[PDB]
Amino acid sequence: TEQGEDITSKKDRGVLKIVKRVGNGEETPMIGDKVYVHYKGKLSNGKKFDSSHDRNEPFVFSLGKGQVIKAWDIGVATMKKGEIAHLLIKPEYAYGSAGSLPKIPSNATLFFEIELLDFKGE
Ligand SMILES: COc1cc([C@@H](C(=O)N2CCCC[C@H]2C(=O)OCc2cnn(C)c2C)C2CCCCC2)cc(OC)c1OC
């Protein structure tokens, strides 16, 4: 099943979110904030897997700057500090028809688990 809230502006089911663990505090990050996450990512079919846990350091990026795939800019913006979410992502919000071989084939649907650790202003 493909479950989750459609968090796309276009409502095209391109990015589907489930909260797995409710966070602490009501605040979500703004565009431009520096965000710190742990994550696990895989193809929908489960044939390639990647995690921040492998390197035991957070993944850090500036939200809403296109430093990461569109689904992350959209998805992390909805998350609270301490929240764990699952995202199911159609290729249009990830790597598209071109893909990014060998990790990402053409037109791949992706899954992520993301933990929002913290965020701070620019
Ligand atoms: C397209 O290239 C890559 C994509 C990823 C993983 C990925 O798609 N990520 C990494 C975490 C942030 C979301 C998303 C992404 O935007 O990656 C492109 C990117 C932007 N900055 N950095 C350092 C990366 C790897 C992907 C997840 C599904 C299973 C295979 C890996 C990790 C990669 O290496 C860790 C990677 O190689 C550079």
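- Its PDB record attributes the structure to X-ray crystallography, giving the resolution as 1.540 Å.

## Comments concerning the pairing of strand 2 (residues 15-21)
- In this sheet, strand 2 lies alongside strand 1 (residues 5-6) in antiparallel orientation, the contact comprising 2 bridges. Following the sheet pairing, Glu-5 is matched in strand 2 by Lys-17.
- In this structure, strand 2 lies alongside strand 6 (residues 84-89), joined through 6 bridges in antiparallel fashion. From the neighbouring strand, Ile-18 faces strand 6, where its bridge partner is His-86.

## Points about the site of the ligand
- Lining the immediate environment of the ligand, one finds 14 residues, of which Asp-50, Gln-67, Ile-69, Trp-72 and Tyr-95 sit closest.
- The separation between an oxygen atom of the ligand and a polar main-chain atom of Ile-69 is 3.1 Å.
- In the environment of the ligand, an oxygen atom lies 2.7 Å from a nitrogen or oxygen atom belonging to the side chain of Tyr-95.
- Relative to its unbound accessible area of 700 Å², the ligand is 67% covered by the protein chains.
- Per-element tally for the shell around the ligand: the top contributor is strand 3 (residues 34-43), with 3 residues.

The rules behind the values
Residues numbered from 1 in each chain as written, not as in the entry; some residues may be left out. Heavy atoms only, no water. Residues with missing side-chain atoms left out of burial classes, pairs and counts. Pairing = 2+ DSSP bridges. Helix = DSSP H or I, 4+ residues; strand = E, 2+ residues; numbered from the N terminus. Near = heavy atom within 4 Å. Polar contact = N/O pair within 3.5 Å; in protein donor to acceptor, adjacent residues only side chain to side chain. Areas by Shrake-Rupley, 256 points an atom, 1.4 Å probe, with all protein chains shown as cover.

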